[PDB]
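In structure tokens, one chain follows: the form deposited in one PDB entry.
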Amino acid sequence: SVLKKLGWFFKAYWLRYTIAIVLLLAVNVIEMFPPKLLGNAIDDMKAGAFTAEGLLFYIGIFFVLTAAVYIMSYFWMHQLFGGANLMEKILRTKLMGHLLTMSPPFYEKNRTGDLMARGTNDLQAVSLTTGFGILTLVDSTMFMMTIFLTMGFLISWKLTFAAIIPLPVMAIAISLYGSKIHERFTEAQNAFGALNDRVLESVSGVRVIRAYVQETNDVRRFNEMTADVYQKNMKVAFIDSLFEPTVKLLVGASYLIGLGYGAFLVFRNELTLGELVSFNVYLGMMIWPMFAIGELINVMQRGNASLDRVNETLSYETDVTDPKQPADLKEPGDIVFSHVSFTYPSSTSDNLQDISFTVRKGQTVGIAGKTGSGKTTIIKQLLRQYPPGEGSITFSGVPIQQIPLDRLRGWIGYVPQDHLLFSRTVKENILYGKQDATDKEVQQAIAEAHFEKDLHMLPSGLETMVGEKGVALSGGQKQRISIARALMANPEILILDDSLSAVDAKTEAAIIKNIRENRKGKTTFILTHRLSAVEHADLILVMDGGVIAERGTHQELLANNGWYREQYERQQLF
């Protein structure tokens, strides 16, 4: 089962492993000798036939054999360990290449800590099983079979048999134990992801957990989680404590059968006291490793469960936002919505209902409305973050679906409502929309988003190391950087989405002026809660629920006496 899931790797590096198997077989065959040489030496010793020349022969043979086995065993150990390392590397590359190209619908089912586990920990387990697990399995199987045949052909076929009949039941016991251990490792591995995202949640929200005094309830919850994990692991320990003694008892039963039956056979005149030692060394070398082959299953099944987790992650068909579409447009042109009825994956009610608005080739579109009204639900239709709904979004005359995701994302310049910055310098963060700008172009974006002055306050001035998730700057310095991130290029469509929510009534005016001058002929999508930012828009849409109630220009919506006019009067008087 585990091997078949792992068959893709082995039929890709077959020389590195076929040669390892050949070397392993050779070392096993030439290790079958020392026991028989020792038996012959003891037999010669008893009969008084041992001579110094025989001693020299035996020590020379043992030295040659040990040197050869070491030299040609170091090589296949080096092949198997390197293969395990390579497997870990390829699995990590596949995983982190699959996490990219993955859309929010995937990420709202899988937790970040779960994914960090399904990476680091699962890959470590898979690497451990591939190198050590396959190594031990193959070596033990070859050793067992070669010992069995050697004893059968060189000593006796009736004493070799009946010294293994304890093994059939051993096989059943191993089968049961391994079958239950698989079911207790999918949960043991899963509970690690639950601990990763439990710690990750109490680290990200440290301020909230401390602002409201909750460090003791958090610790209590963590302690309860640890207690549950301990109880689970102790169930596993009970199963393993039942399994190990039976392994040892069957090994001892086999050893006793071999020894006693051989001692009886010497009297039947079928074996010599020298042959005894040889047989009881062969069987010992066969069975004593089973004191650990029982524990081998704990690595095999851990690797099996970890690879199962990794394969669930990897076999997640990319959401319906799959590009899978060539089309020759090259220019967004008009943007027309016609009866769009999108409904979020985790929702039961329509989030949009018969949205039927149009945007020309050069036009600023304002979107206003109440909280949770669908303002950014319209934006995420052009972002291709979720599966398309039940309408049409025809960029020019071409549906949004029939447009490669690479070209569309090049068209769109997006400013998220929730700040998303990285642990880089300010200039590095700004150089996310173009990535190959001169310092002159980065300065232009800074000037446009009224951030030239604030650069003087910063200690480093574009080398300030904004920090993890951007927490080294005020809330409104994070936003302006984001604006620069979207103004670094010259996107055909600039989506703002509440980009002036942290600005001091004078930065807002300056930034609005700069955006008006900058986007005079280009297409913009301004979503705001302050209706003084969309006074210049050629079309304003007022949302409610999912549908749009009011539409028209600013002067048209003040003659409707609707939500827009009431809002404006509430905001233009103070």
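Residue positions are given as counts along the sequence shown, with the first one as 1. By rigid core we mean the largest C-alpha set that fits within 1.5 Å across both forms.
One more form of this protein should be noted, the form deposited in another entry, which is absent from this view; the next part is about it.
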{"query": "Shifted position (C-alpha, 2 Å or more, core held fixed) between the shown form and the other one, chosen from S501, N85, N311, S241", "finding": "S241"}
{"query": "Core superposition between the shown form and the other one, C-alpha change of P34 at least 2 Å", "finding": "yes"}
{"query": "CA of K158, rigid core aligned, shift of 2 Å or more between the shown form and the other one", "finding": "yes"}
{"query": "Residue shift check between the shown form and the other one, rigid core fit, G252 Cα at least 2 Å", "finding": "yes"}
